[PDB]
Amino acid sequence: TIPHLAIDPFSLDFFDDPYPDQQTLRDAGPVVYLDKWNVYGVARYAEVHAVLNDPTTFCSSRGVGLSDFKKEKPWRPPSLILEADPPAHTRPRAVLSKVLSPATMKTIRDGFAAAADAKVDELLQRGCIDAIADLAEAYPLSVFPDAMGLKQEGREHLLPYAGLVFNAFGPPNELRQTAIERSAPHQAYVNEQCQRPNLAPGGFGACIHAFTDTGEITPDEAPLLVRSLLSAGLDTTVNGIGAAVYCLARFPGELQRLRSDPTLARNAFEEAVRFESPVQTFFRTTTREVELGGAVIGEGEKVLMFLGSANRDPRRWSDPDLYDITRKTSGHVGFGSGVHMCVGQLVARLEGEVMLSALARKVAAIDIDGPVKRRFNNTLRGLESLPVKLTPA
């Protein structure tokens, strides 16, 4: 009843061009079985959305990577938020919601916008730049570590640590194995920065520790919650901004519309998140036998959700393979959906908005002018290098 497919969604060939295989996954049925990894897969919008919104049946506390925490030891102590189910999830989630709230956004927006404008002005002086290293990476590195309250020394560990976290959700392939082999210095740096004395006053880290006296979290929970922001808060935005710049570089008609109405910046970023889905996949584990799309999945089974495929499913989206900055994007699953839906999404959208606003106001054209190189990661989709020429407005 359930079709069995040999597609490896964690192979380099799949990462290089996932779209044909994602269509094969959607069109084979609402639920597939991936023989390569012994997991169920859901690639259509409807089933991905259904799984995300039933956390009781499709739990996160057995891991949101391939590994089942009931069977194997987690590679690092479980996240108190991403790898927790209600009710244990609820209070840590509330703390991060308040740390990354609107009032916080108001406190950081002017500095984030000024750093975005300054980066674009700097890049325009060079003209020909790498939109990954010099923009997608450089801009978040210029705002987010400071907003966390990290010291300067050791920040070179942040992107390697995040690449490790995202590779570690994958199966035990070479990408995952190599990341874990190299992990010790990055883990040691990150864990140390999570301690209260190492987080500067007023930043996100200090604010997490300050919530340890309200009864929502205890002091011994704060370091791991800081760890969540140092895991999820940087490389995601690198790949979100990279996705948006890559979309504007490939679709100059949309850059032209954005230049003509810079207030489209927020939706242009949201549409890049749908179109590229920087976070491609996450797993859940069934807690009982369950019927999903006419299929019967037993207890204790891993279910792989293809967020990027759900975001391009023609059953849900008109012209899904077109980048359209005025698209009604509400309901895309690039930030997840339901109780675990990205708690940092206001930070991500702020960074994306102010960078796209700076481009919309300062840049007339973005032309690819060198070889594009893709970066391979078991969970993140994005580029290693994007050579572009920026023409000033």
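Here, rigid core means the biggest group of C-alpha atoms that superpose within 1.5 Å across both forms. Residue numbers here begin at 1 and follow the sequence given.
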- Item | Stretch with greater C-alpha deviation in 6 other deposited structures of this protein, 215 to 223 versus 274 to 282 (rigid core superposition) | 215 to 223
- Between 316 to 324 and 206 to 214, report the one with more C-alpha displacement in 6 other deposited structures of this protein relative to this form after a rigid core superposition. 206 to 214
- Message: Averaging CA B factors per stretch from the PDB record, which one is higher: 345 to 353 or 362 to 370?
- Response: 362 to 370
- Query: For the stretches 290 to 298 and 314 to 322, which has the higher mean C-alpha B-factor as given in the deposited record?
  - Reply: 290 to 298
- Going by the CA temperature factor in the entry, name the top one among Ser228, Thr281, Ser142, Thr263. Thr263
- Note on the structure: The largest CA temperature factor among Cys194, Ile180, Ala232, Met148 is found at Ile180
- Query: Once the chain's modelled residues are ordered by C-alpha B factor and cut into thirds, is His332 in the lowest, middle or highest one?
  - Reply: lowest
- Query: In terms of the CA temperature factor given in the entry, to which third of its chain does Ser67 belong: lowest, middle or highest?
  - Reply: lowest
- Task: Tell me, lowest, middle or highest third: where does the Cα B factor of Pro87 rank within its chain?
- Result: highest
- Task: Within this chain's modelled residues, let me know which third the CA B factor of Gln125 belongs to: lowest, middle or highest.
- Result: highest
- Item | Third of chain Cα B-factors occupied by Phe251 | highest
